[PDB]
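The structure under discussion appears below in the form of structure tokens.
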Amino acid sequence: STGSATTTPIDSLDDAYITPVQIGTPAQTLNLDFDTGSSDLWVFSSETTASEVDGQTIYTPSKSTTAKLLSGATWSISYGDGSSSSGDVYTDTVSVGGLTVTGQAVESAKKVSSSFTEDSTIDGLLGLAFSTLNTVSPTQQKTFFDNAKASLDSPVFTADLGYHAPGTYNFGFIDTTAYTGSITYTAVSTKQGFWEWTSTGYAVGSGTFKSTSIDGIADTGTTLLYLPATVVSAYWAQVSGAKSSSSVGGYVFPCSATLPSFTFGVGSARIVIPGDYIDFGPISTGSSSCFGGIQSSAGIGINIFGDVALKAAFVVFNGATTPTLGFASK
Ligand SMILES: O=c1[nH]c2ccc(NCc3ccccn3)cc2[nH]1
């Protein structure tokens, strides 16, 4: 089997991407944030504290004839931006772009943190990291991808995120029309539960390529590109007026600037992030200070190839017995 679903930026900055997901019988369609950096499928629901729901579409398990309470199971998760959610668990039928999994753990939110409440466009998350990170207790649950894998034509999914435009998540097949040139595959470590890999280096604009190993994760749930301070300093040094601001929380630059591209290495191959991808707009409405899309990972503890990097590529998440990642230009 296969599935294919369009993913759409939630705003004009591509802060995140939402993908429609059918849950239950009859289908309840929720727009979920497909997150290759986590492993929980959780949704706003009929059980979510009323004051914490503001415009989201909710899953109501009592209206689904295939919903079954997973007795005793609870979940609780916190993300890198400090956001969090928690609740209990149902199993139900979940379909993504025509691909159906029965008995999928659907984690029903009883509580969500303010940043989820304040974002009316995200109805929940669909985790696509490794199931070892799933937070359901006392019985850990599998991701949608893990559950679907045996049924897929090929044990893969692909992320094709758009810049200021819709993109695509495919499951079970590689669309050879969706990229240019060839796909370069690279090794993955699953030891931290992430799609963790090692970039072979970087270039800034038309500068020479610096060969250097950068270990990081392919994380569709993270907006920006977080890289070592040395790398990030070398990038922003090429932007007149750019500076790291403690008060804002990262590198900012004059909105009047033309940003240089950023290249990262995948084996001997190169993925080029156009300068415009690195612009995340005024730090506050009407400001002429703009927030940078490449930021330091110092104090995060890990480098993160977030949407800024991933949307420049066609990315294969290969879930074969030994997982790998593939990157192609597009
Ligand atoms: O690295 C990041 N990923 C993000 C996704 C959405 C956002 N913005 C909206 C949001 C935040 C938290 C919960 C719900 N919606 C910011 C992000 N930063």
Side-chain angles (χ1 to χ4, degrees), residues 7-21 30-45 48-49 51-59 75-87 107 109-110 112-129 133 135 159 161-164 167 169 194-195 216-227 232 248-252 273 277-285 290-312 315:
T7 193
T8 305
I10 64 166
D11 58 28
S12 64
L13 296 180
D14 304 342
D15 280 314
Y17 297 77
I18 45 173
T19 307
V21 176
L30 273 67
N31 295 328
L32 304 189
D33 186 348
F34 282 24
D35 178 12
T36 62
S38 67
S39 302
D40 285 50
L41 192 175
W42 74 263
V43 296
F44 277 79
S45 73
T48 309
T49 301
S51 64
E52 297 181 348
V53 183
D54 185 11
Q56 294 83 11
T57 295
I58 62 166
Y59 167 63
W75 63 278
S76 178
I77 192 165
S78 72
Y79 300 95
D81 64 342
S83 68
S84 65
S85 53
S86 62
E107 305 170 30
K110 292 170 83 68
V112 301
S113 65
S114 58
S115 291
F116 284 110
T117 300
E118 291 158 0
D119 182 3
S120 63
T121 72
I122 289 175
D123 300 326
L125 266 68
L126 189 147
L128 293 167
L133 295 179
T135 77
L161 303 179
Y163 166 69
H164 295 171
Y169 280 101
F194 300 121
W195 291 92
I217 64 167
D219 183 3
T220 58
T222 291
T223 312
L224 308 185
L225 173 54
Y226 295 88
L227 290 177
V232 176
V248 179
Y251 279 89
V252 293
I273 306 167
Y277 290 25
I278 297 161
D279 171 25
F280 277 74
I283 59 180
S284 298
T285 305
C290 273
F291 196 68
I294 294 175
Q295 298 293 348
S296 178
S297 65
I300 289 178
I302 197 158
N303 300 307
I304 307 172
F305 295 88
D307 298 334
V308 162
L310 301 186
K311 75 173 108 183
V315 188

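Counting from 1, the numbers follow the sequence of the chain as shown. Just so it is clear, the values below take in all heavy atoms, side chains as well, and ignore hydrogens, waters and symmetry mates. As the structure lists them, so they are numbered: ligands from 1, and atoms in each ligand from 1.
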- [ ] Could you check if a side-chain atom of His164 sits within less than 4.5 angstrom of a side-chain atom of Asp14, using non-hydrogen atoms only?
- [x] yes

Task: Check: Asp81/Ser83 side-chain N/O donor and acceptor closer than 3.5 Å - done: yes

TODO: Using distance alone, decide if ligand 1 has a nitrogen or oxygen within less than 3.5 Å of any nitrogen or oxygen in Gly221.
DONE: yes

Open item on the list: For atom 12 (C) of ligand 1, tell me which residue out of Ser113, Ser115, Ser84, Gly37 has the closest non-hydrogen atom.
Closed with: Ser115

Open item on the list: For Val232 versus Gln295, what's the shortest heavy-atom pair and its separation?
Closed with: CG2-O, 3.4 Å

Task: Nearest protein heavy atom with distance in Å, relative to atom 18 (N) of ligand 1 - done: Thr223 OG1, 3.3 Å

TODO: Using a strict 4.0 Å cut-off to heavy atoms of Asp119, name the atoms of ligand 1 that fall inside it.
DONE: 9 (C), 10 (C), 14 (C), 15 (N)

Task: Listed partners of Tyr277 passing ring-ring contact (aromatic ring centres under 6.0 Å, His included), at least two apart - done: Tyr163

Open item on the list: Protein non-hydrogen atoms only, distance under 4.0 Å: does atom 3 (N) of ligand 1 have such a neighbour?
Closed with: yes

- [ ] For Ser296, enumerate each residue passing the side-chain hydrogen bond (donor to acceptor under 3.5 Å, both in side chains) test, keeping only those at least two apart in sequence or located in another chain.
- [x] none

Task: Proximal ligand 1 atoms for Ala16, defined as those under 4.0 Å from one of its heavy atoms - done: 5 (C), 6 (C)

- [ ] Would you check if there is a donor-acceptor pair between the side chains of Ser76 and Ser86 at a distance under 3.5 Å?
- [x] no

TODO: Could you list which atoms of ligand 1 come closer than 4.0 Å to a heavy atom of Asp15?
DONE: 4 (C), 5 (C), 6 (C)

